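Novice: Need a 3D model of the sequence below.
(chains A and B, ligands or ions: 3)
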Amino acid sequence: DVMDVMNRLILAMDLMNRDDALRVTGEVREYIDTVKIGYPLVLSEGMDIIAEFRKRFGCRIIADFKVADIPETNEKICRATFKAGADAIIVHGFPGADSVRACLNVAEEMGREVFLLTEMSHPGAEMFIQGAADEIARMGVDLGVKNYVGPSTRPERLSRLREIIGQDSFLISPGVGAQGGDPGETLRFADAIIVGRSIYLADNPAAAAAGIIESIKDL
Amino acid sequence: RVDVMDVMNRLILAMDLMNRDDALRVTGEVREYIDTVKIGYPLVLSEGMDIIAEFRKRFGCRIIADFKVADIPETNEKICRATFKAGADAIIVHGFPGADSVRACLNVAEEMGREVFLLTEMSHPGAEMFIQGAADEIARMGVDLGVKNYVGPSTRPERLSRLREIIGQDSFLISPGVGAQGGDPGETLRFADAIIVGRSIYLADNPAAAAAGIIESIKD
Ligand SMILES: O=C1CCN([C@@H]2O[C@H](COP(=O)(O)O)[C@@H](O)[C@H]2O)C(=O)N1
Ligand SMILES: O=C1CCN([C@@H]2O[C@H](COP(=O)(O)O)[C@@H](O)[C@H]2O)C(=O)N1
Ligand SMILES: [Cl-]
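Specialist: Residues are numbered from 1 along each chain as shown, chains lettered A, B, ... in the order given. Ligands and ions are numbered 1, 2, ... in the order given. There you are, the coordinates:
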């Protein structure tokens, strides 16, 4: 019990225009109830865009801020993000145990959630992250982290993440569509998929999001 | 130094106060001593990206956005472009996500005529778990990518020394961890061109005196 993602599909709203972002999000609201908001939108439109998303859509907000500073600064960032109304925040694990714990404390203090990003989906992730991915995931377990983010681009790596974090841990996965990940094969190990450009750059975002779901209902 | 964009008194202020009035007031009190301000997410997320342009116009200071950019290439480019649009002169980027992620930041910086600082090793205890073991390689990856500006830990003088010899004498190196995190200004400035200082100054009873005192110990 962590999050009830409708149709197991999370929207990565990375449009950097408020009117564009609100419009495309509105066109897939009937298919998506959980929206991931990142720095491209927030830095272009302000942290207030989170509250405006909650008010206009009644959707759950995951702030993909990939927090990666020292513990003290991590706390300030998490505190500002939750204050702005984020339900959960995504946090890098590579800065180490004390940096993650700093976020975990603020999340508990404010009654919100932390997602631990263990391994990234892009090719450069092989240089440093992939070799540390297992130990970061394990670190998360030792810290009592219940929420994780893993690479859709690597189904075998995503499967290892699942057996590390356990069956009752909650797992979401970006890199579906644009980066090359397949929706179905990703949902074999992950609870929900994150899809960005395959929806918000399509001619019809509604049809795109519906097309993704219609190839998933078997799962 | 004139071969690179240097910093007045080798002192960079880390302005991590989270409300506009205090941030503006403290920075103004120490403006006579610095000309470079590092602005991070604590201030920006609380007061908006407009605060970068405001500081730049009000104080005539160079702005380094400590955003520790650490996403995929595509998203890195969007973040850097938005940051430079906000008027920042430089942006700090994580190296751990790999070469393609750093190159995406470098492209936007070169396009818009701004700078990238590569964060190689962090200054907190947790940095020893995964970052330290990769820091040497991140540093030489940076050199190979064309990166000329770096960030290294003041809390570990021996690691900072290793970093300097990897990047050579021509690269520009700045270092946080002085004061609150226990780093010494003197030993750090043996390797770094400039120190980043936050709480030691901005939480002091007299921030101006705090900044002046640090510069004095640097001066000799
Ligand atoms: O490893 C990671 C974590 C962050 N993300 C984030 O997930 C989102 C994916 O968007 P796309 O579906 O357009 O690839 C985007 O916001 C990106 O920054 C990754 O794609 N991979
Ligand atoms: O490794 C790092 C990079 C980020 N920084 C940043 O540098 C600043 C340090 O200021 P303090 O003097 O208050 O520790 C603060 O903004 C922090 O987030 C580090 O301290 N260490
Ligand atoms: Cl004074």
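Novice: switch to C-alpha atoms for all contacts and neighbour counts from now on
Specialist: Noted.
Novice: How about the residues of chain A by ligand 2?
Specialist: Contact residues (C-alpha under 6 Å from any ligand atom) of chain A with ligand 2: A:69-70, A:73.
Novice: want to try CSV for the residues you listed, with neighbour count, distance to ligand 3 and secondary structure as columns?
Specialist: Shown next, in CSV, are the residues of chain A next to ligand 2 (neighbours: other C-alpha atoms under 10 Å in any protein chain shown; distance: C-alpha to the ion, whole Å; DSSP: H, G, I helix; E, B strand; the rest coil):
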residue, neighbour count, distance to ligand 3, secondary structure
A:69, 25, 31, coil
A:70, 21, 30, coil
A:73, 19, 27, helix
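Novice: which among those gets closest to residue A:171?
Specialist: Residue A:171 lies nearest to residue A:69 out of the residues of chain A next to ligand 2, by C-alpha to C-alpha, at 23.1 Å.
Novice: so the closest one sits right up against residue A:96, yeah?
Specialist: No. Applying C-alpha atoms under 8 Å as the test, residue A:69 and residue A:96 come out as separate, 9.8 Å apart.
Novice: All the strands of chain A, in order from the start?
Specialist: Secondary structure of chain A (DSSP state E): strands at A:9-13, A:34-38, A:60-67, A:88-92, A:113-117, A:147-149, A:170-173, A:192-195.
Novice: Let me know the distance separating residue A:172 from residue A:189.
Specialist: Between residue A:172 and residue A:189 the computed distance is 9 Å (C-alpha to C-alpha, to the nearest Å).
Novice: Comparing these two, which residue is more hemmed in?
Specialist: residue A:172 (25 against 22; other C-alpha atoms under 10 Å in any protein chain shown).
Novice: beta partners of that one?
Specialist: residue A:149, residue A:192 (DSSP bridges).
Novice: want to try TSV for the strands of chain A, with distance to residue A:105 as columns?
Specialist: Below are the strands of chain A laid out as TSV (distance: least, C-alpha to C-alpha, whole Å):
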stretch	distance to residue A:105
strand A:9-13	26
strand A:34-38	22
strand A:60-67	14
strand A:88-92	13
strand A:113-117	10
strand A:147-149	15
strand A:170-173	19
strand A:192-195	25
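Novice: okay if I get these as CSV plus distance to ligand 1?
Specialist: Output for the strands of chain A, formatted as CSV (distance: least, C-alpha to the nearest ligand atom, whole Å):
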stretch, distance to ligand 1
strand A:9-13, 5
strand A:34-38, 6
strand A:60-67, 7
strand A:88-92, 9
strand A:113-117, 7
strand A:147-149, 7
strand A:170-173, 8
strand A:192-195, 4
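Novice: Nearest to ligand 3 among those would be which one?
Specialist: Judged by C-alpha to the ion, the one of the strands of chain A that comes nearest to ligand 3 is strand A:60-67, at 35.3 Å.
Novice: and residue A:214, how many neighbours?
Specialist: Residue A:214 has 11 neighbours, counted by other C-alpha under 10 Å.
Novice: From residue A:133, how far out is it?
Specialist: Taking C-alpha to C-alpha as the measure, residue A:214 falls 32 Å from residue A:133.
Novice: Now residue A:181: closest residue in space, sequence neighbours ignored.
Specialist: residue A:153 (4.7 Å; C-alpha to C-alpha, 6 or more residues apart in numbering or on different chains).
Novice: just to revisit the earlier point, nearest to chain B among the residues of chain A next to ligand 2?
Specialist: The closest of the residues of chain A next to ligand 2 to chain B turns out to be residue A:70 (C-alpha to the nearest C-alpha; 5.8 Å).
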